[PDB]
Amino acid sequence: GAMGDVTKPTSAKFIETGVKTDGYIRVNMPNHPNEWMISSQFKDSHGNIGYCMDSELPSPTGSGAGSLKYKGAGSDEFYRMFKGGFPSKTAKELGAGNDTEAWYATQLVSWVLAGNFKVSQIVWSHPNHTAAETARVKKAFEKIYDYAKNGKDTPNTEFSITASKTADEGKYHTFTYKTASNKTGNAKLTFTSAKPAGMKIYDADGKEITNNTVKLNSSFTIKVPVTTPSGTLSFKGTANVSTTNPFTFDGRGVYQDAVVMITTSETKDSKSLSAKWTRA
């Protein structure tokens, strides 16, 4: 199995949406019983929601903050928090009564995943919100958290090239292969042995490829002249795909660190394939 190389972002800029809350819960912190966990909703400059990693630092927004430099790649738990939390899932789907509750429930998951406090420290009540409000938040939290901790989905890029059929056609030995991926993009073929003279590559529509590039979720055909001495050819593909993964950014000990889904590129190899032919 191959390992994909995800291109890392270098920085991110965050903007307040205007949504804020004093929180629907409190936390027994080590020196501070029933400490409030207030928050401001923010987005990165491409309009994707950011979540706070540090409960005791201010939001990473305004002229002071500026851009936050890249810190690291978010775990599968953080990936799932985004996929199974707000706004990827609606308030109704999460059991939250409105979008503020759904968002805060997700931020609560973020704080716990980042290690700010344990679930046993959460006080499920707040003086400015009713028990029913807090309980919807609790229900949403538990759904999202359970999925983040125990769900199976990851940002993994699947990529394969698989031989489907072979045939002699006209003046060529032909070898057809199927490409497959769960991400959009294309693949580049690299030949790992000598290429026979007069070798050609064709796309699924029968049109010649001359830039060694193939489509994903498609097919292509390699053609080797029947005049070629008996032997073998080996190759692989390297997919170049678009992928949306969670990344963390550095608040520099002044603003909170923040995690956000960013669309970037990834390269990933297929397995090694061989075409074999015998000269008539």
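When you see a residue number, it is the position in the sequence shown, counting from 1.
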So, looking at the entry's B-factor column for Cα atoms, which has the higher mean, 71 to 79 or 204 to 212? 204 to 212
Selected stretch [higher average CA B-factor]: 104 to 112 or 160 to 168: 160 to 168
By the recorded C-alpha temperature factor, relative to the other modelled residues in its chain, which third is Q256 in? lowest
Chain-relative CA temperature factor third for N28: lowest
CA B-factor ranking of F42, expressed as a third of its chain: lowest
Of the three thirds of the chain ranked by Cα temperature factor, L233 occupies the highest
Once the chain's modelled residues are ordered by C-alpha B factor and cut into thirds, is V123 in the lowest, middle or highest one? lowest
